[PDB]
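K.L.:
Pasting an experimental structure, sequence included:
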Amino acid sequence: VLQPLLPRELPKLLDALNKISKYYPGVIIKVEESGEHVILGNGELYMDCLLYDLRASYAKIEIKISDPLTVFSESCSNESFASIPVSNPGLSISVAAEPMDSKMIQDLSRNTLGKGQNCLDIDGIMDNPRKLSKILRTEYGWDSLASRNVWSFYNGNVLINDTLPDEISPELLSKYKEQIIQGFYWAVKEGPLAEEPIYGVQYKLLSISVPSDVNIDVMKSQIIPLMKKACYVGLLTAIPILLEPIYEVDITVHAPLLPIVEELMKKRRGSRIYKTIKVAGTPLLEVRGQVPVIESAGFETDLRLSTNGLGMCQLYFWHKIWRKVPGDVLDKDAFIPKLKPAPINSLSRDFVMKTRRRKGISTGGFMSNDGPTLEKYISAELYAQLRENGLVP
Amino acid sequence: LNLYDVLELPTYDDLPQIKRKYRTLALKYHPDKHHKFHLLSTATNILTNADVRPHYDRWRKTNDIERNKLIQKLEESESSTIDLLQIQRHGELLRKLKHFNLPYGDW
Amino acid sequence: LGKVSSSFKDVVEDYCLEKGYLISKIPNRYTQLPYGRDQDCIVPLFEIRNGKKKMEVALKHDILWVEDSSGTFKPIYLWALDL
Amino acid sequence: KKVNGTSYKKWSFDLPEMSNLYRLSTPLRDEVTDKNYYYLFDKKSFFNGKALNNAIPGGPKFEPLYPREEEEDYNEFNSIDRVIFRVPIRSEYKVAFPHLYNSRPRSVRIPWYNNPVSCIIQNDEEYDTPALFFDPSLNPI
Amino acid sequence: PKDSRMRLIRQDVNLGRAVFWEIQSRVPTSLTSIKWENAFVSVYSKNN
RNA sequence: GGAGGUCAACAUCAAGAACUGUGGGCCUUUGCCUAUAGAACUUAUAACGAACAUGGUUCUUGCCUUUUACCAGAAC
Ligand SMILES: [Mg+2]
């Protein structure tokens, strides 16, 4: 997070960030409501290369810089007891959502052409739904009916239709399908909790209600936002959760120093090591492991020192793994340590209650405490019924 | 190089004065005693006729032009040196209704 | 006012729904903002279309800002928007 | 052959001599065979130590070079409510990646980063071990 | 230190200067002189 | 004529990553463009020295009666 030190010099800093975005392609620069500028880069050394370029060559001003932080994502664990319908009441929608099978996602993150027996990446939508359905039913033990039912997908997730009026009126919906996918992309690009991307969440469309007389341009606009709220509402009852990136760490050490390495891992809290590979011919070991993105702030130098210069590390994302943060995303009673690292029992309530404060979605005098609440969309009256049965925590 | 510069002399001289100038220079830089004189002869040719001398001198001035530029720069420099509340408030009211849920008026 | 749960943007969205105009985030582009202070805020902006017309709005505090023709944003009344 | 002349500049030697001199001088020889051993001990890490007023646990202590820290600016930017306290951001990090972890560096230099992890292997034990031999340290291939 | 210092939040600050404003007013400037400079206001808040 | 010298004098050694000469074209010698020949020594984790001292002025400190003598940082 950047801020220019002397505020009157902001118009210079902007003009440098337009350069950097060009020169370093991988960088992604965002500007927020707070006006906080978010730099997004591959890792430690890369941020260093920027910030040196940004202080030295391009914008000669000096700038204040935050602690290294990470990017989260938002997902659903569980199902949607509720299957509620939300209408912006000529249109009443009910959208279920469930987790995706780990294998499926694992084959999405890697775009794949389905060569031989490999599971095809869903990107072939233009292909025969019979071929694609053959792929799904073949590989996954995937549903037979749903295989045909599928409409469309996006990077993190897929959309599916299960409902009677599809059997009653497939055409009238086929009109507005292209409308629903817009609501879908809109839905995924943001999120219910942190307004951060939804990932690994399978959306099954349970119902849609359409008004009498239909409409011309009312059906055009009115569908998108209502569909969006249908996707948020679909998620929040599924057991939602806050995703944190995990770096695949690759380490190279002399043999006898292996124990030291292990210690560091046990300290980080994110991470553990999958493999220890003898390197033929040399006195080396490749230790492959994993660590969360948010936990990796200082890792490399910790290692490189601790072994007295023997050894090495690299942190990288390819797999774009993610993992649940051990807390429960919506809870009022989480312990906020206030200047200490929070106890693992609740880290998710922390991360979300922070990102929310950063992204100005939630307003408090100082520490706002507004949860992402299902209640706001349903209307109380449904909400009151829901709370009675313990559906809402 | 100016005709005055060529002769190494200082800058409304009369036809008589023009003759006298040449005479003075001739005594000083007499070619038979000591290329430059080519300039002297030409300028004298027009200077010896008061009309040509006057017209030629008619056409430091440029440098005056420099003064004009300086003046223009000075003029530019010195002279140059020498609802919102209502809107946000209305928006605040509008949100309050949405919160209270009271139906919006047709704004 | 801090007490009030609802957030503006919501209001804007609601207004847009009646109009039938659609508001989209637009990720990269941003506009420098002039607010009372002798300083300019920077805010992301979104574009709303009635059919195939795109105009861009940035909201800071509790206001909607729409750019003047030559350039630079001007605050406007919410009722005052017709595209 | 062995030297220029009586003027005595520009020496030139042979291998075996340099082997003997190299042998004799062991108590005063540098002994450290890789760059990577000095990680935060090179010069540039010490300069960066001074300018930023930090210390490497074995390094020297200097004066501030920028005596005034006292000025503090208050804005929502770094506010606690918006920060996640994970990992301490302890001092050694500041010298390694000086532009990142250290807000507002000045007179800072670029530290050199990494070297290729010397696997160098030698035997000073037996003189009759061959020159090329597969050392028990290595993995079995 | 910063953490355990008084935090700066609108409710807080505005209460402080409000109180100081009224008491500032009560005493006439002729008898004594009460300046905001010399004064210290500490606010105990749900936030503080 | 070859090897040298704890011999000397005179050149040159911190810069558009950088030298010099020459051929041709334009402006009017400079300068720009084009063609060609030769570039010792010193430089990239930057420099003649794989080493390492002192002084002056100006600020900031530190000892603290005052001056020399000083404390430890910076710029020139
Ligand atoms: Mg005296």
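P.N.:
Done, it's in. Numbers count the residues shown, from 1 in each chain, chains lettered A, B, ... in the order given.
K.L.:
For chain D, give the residue positioned nearest to chain C.
P.N.:
Of all residues in chain D, the one sitting closest to chain C is residue D:75 (11.8 Å; C-beta to the nearest C-beta). For every residue, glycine as well, the C-beta is placed using N, CA and C.
K.L.:
correct me, but that residue touches residue A:3?
P.N.:
Yes. Using C-beta atoms under 8 Å, residue D:75 is in contact with residue A:3, at 7.3 Å.
K.L.:
These two: which is more packed in?
P.N.:
Under the neighbour definition other C-beta atoms under 10 Å in any protein chain shown, residue D:75 and residue A:3 were set side by side, and residue A:3 has more, 21 against 9.
K.L.:
Would you tell me what the next helix or strand after the one helix or strand that one maps to is?
P.N.:
Residue A:3 is part of strand A:2-4 when elements are defined by DSSP states H and E. Scanning forward in sequence from strand A:2-4, with DSSP H and E defining helices and strands, the next element found is helix A:10-23.
K.L.:
do that following helix and chain C meet?
P.N.:
Yes. Contact between helix A:10-23 and chain C, assessed by C-beta under 8 Å from any C-beta of the partner chain, occurs at A:10-11, A:14.
K.L.:
Buried ones in the lengthiest strand in chain A, by neighbour count?
P.N.:
Among the elements of chain A assigned as strand by DSSP state E, the one spanning the most residues is strand A:240-254. Within strand A:240-254, the residues that count as buried by 16 or more other C-beta atoms under 10 Å in any protein chain shown are A:240-249, A:251-254.
K.L.:
and what of stretch C:32-44?
P.N.:
By neighbour count, with 16+ other C-beta under 10 Å as the criterion, the buried positions of stretch C:32-44 are C:33-35, C:40-44.
K.L.:
ok, and does it reach over to chain D?
P.N.:
No. Counting by C-beta under 8 Å from any C-beta, chain D is not contacted by stretch C:32-44; separation bottoms out at 11.8 Å.
K.L.:
can you list contacts of that stretch?
P.N.:
The list of residues contacting stretch C:32-44 from outside it, by C-beta atoms under 8 Å, 6 or more residues apart in numbering or on different chains, reads A:7-8, A:10-11, A:14, A:30-33, A:35, A:37, B:84, C:25-27, C:29-31, C:58-61, C:65, C:72-73.
K.L.:
end-to-end on that stretch?
P.N.:
The distance separating the two terminal residues of stretch C:32-44, taken as C-alpha to C-alpha, to the nearest Å, comes to 9 Å.
K.L.:
what's near enough to touch residue A:58?
P.N.:
Contact partners of residue A:58, counting by C-beta under 8 Å, 6+ apart, are A:16, A:19-20.
K.L.:
And the buried ones among the residues you listed, selectable in PyMOL?
P.N.:
Provided next is the PyMOL selection string for whichever of the contacts of residue A:58 are buried by 16+ other C-beta under 10 Å:
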select buried, chain A and resi 16+20
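K.L.:
State the distance from the closest residue to chain A within chain C to residue A:218.
P.N.:
When scored by C-beta to the nearest C-beta, chain C has residue C:20 as its residue closest to chain A, at 4.0 Å. Distance check for residue C:20 against residue A:218: by C-beta to C-beta, to the nearest Å, it reads 6 Å.
K.L.:
and what of residue C:30?
P.N.:
Summarising the geometry, the distance separating residue C:30 from residue A:218, computed by C-beta to C-beta, is 32 Å.
K.L.:
Of these two, give the one with the bigger neighbour count.
P.N.:
Between residue C:30 and residue A:218, counted using other C-beta under 10 Å, residue C:30 has the larger neighbour count: 21 against 15.
K.L.:
dump the residue contacts of the closest residue to residue B:96 other than its chain neighbours.
P.N.:
Closest residue to residue B:96 apart from its sequence neighbours, by C-beta to C-beta, 6 or more residues apart in numbering or on different chains: residue C:4 at 6.4 Å. Taking C-beta under 8 Å, 6+ apart as the definition of contact, the neighbours of residue C:4 are B:95-96, B:99.
K.L.:
Give me the buried entries from the residues you listed.
P.N.:
Neighbour counting by 16+ other C-beta under 10 Å classes residue B:95 among the contacts of residue C:4 as buried.
K.L.:
what are the ranges of the strands in the stretch 101-250 of chain A?
P.N.:
Along the stretch 101-250 of chain A, counting by DSSP state E, counting those that start in this stretch, strands occupy A:153-154, A:157-161, A:201-208, A:240-254.
K.L.:
element containing residue D:11?
P.N.:
Using DSSP H and E, residue D:11 sits in no helix or strand.
K.L.:
thought it was touching residue D:1?
P.N.:
No. Residue D:11 is beyond contact range of residue D:1, at 10.6 Å (criterion: C-beta under 8 Å).
K.L.:
three-state assignment of the closest residue to RNA strand F within chain D?
P.N.:
When distances are taken as C-beta to the nearest atom of the strand, chain D approaches RNA strand F most closely through residue D:5, which lies 2.5 Å from it. With DSSP: H, G, I helix; E, B strand; the rest coil as the basis, the three-state label of residue D:5 is coil.
K.L.:
Now do the contacts for residue A:194.
P.N.:
If you count contacts by C-beta under 8 Å, 6+ apart, residue A:194 has them with A:72, A:74, A:242, A:352, A:355-356, A:359.
K.L.:
Please give the element, helix or strand, for residue C:80.
P.N.:
In this structure, residue C:80 is located outside every helix and strand according to DSSP H and E.
K.L.:
which residue of chain E sits farthest from its center?
P.N.:
Among the residues of chain E, the one whose C-alpha is farthest from the average of all C-alpha positions is residue E:30, by C-alpha atoms, centre = their mean at 21.9 Å.
K.L.:
rewinding a little: which one of the buried residues of stretch C:32-44 is nearest to chain E?
P.N.:
Set against chain E, the nearest of these by C-beta to the nearest C-beta is residue C:35 (16.9 Å).
K.L.:
Which of the three states applies to whatever residue of chain A ends up closest to RNA strand F?
P.N.:
Among the residues of chain A, residue A:309 lies closest to RNA strand F, at 12.0 Å counting by C-beta to the nearest atom of the strand. Put simply, residue A:309 is coil when judged by three-state DSSP.
K.L.:
what residues are up against it?
P.N.:
Residue A:309 makes contacts with D:34, D:36-39, as judged by C-beta under 8 Å, 6+ apart.
K.L.:
circling back to that earlier point, next step: the buried residues of stretch C:32-44 restricted to helices.
P.N.:
Secondary structure assignment (DSSP state H) places none of the buried residues of stretch C:32-44 within helices.
K.L.:
show me what contacts residue A:88?
P.N.:
Taking C-beta under 8 Å, 6+ apart as the contact definition, residue A:88 lies against A:222, A:225-226, A:229, C:17.
K.L.:
Within the helices and strands, which one has it?
P.N.:
Element membership of residue A:88, judged by DSSP H and E, is empty: it is in no helix or strand.
K.L.:
burial of the closest residue to it other than its chain neighbours, as a residue count?
P.N.:
Computed as C-beta to C-beta, 6+ apart, the closest residue to residue A:88 that is not its neighbour in sequence is residue A:226, at 3.9 Å. Other residues near residue A:226 come to 21 when the count uses other C-beta under 10 Å.
K.L.:
mind listing the helices in chain C by residue range?
P.N.:
Along chain C, counting by DSSP H, helices occupy C:8-19.
K.L.:
cool, and chain A?
P.N.:
Along chain A, the stretches classed as helices by DSSP H are A:10-23, A:44-53, A:102-108, A:129-140, A:144-149, A:164-168, A:170-189, A:218-236, A:258-268, A:299-306, A:348-358, A:375-378, A:380-388.
K.L.:
And stretch C:68-76, end to end?
P.N.:
In terms of C-alpha to C-alpha, the two terminal residues of stretch C:68-76 are separated by 11 Å.
K.L.:
returning to that earlier point: return the member of the buried residues of strand A:240-254 nearest to chain B.
P.N.:
Chain B has its nearest neighbour among those in residue A:240, at 24.6 Å by C-beta to the nearest C-beta.
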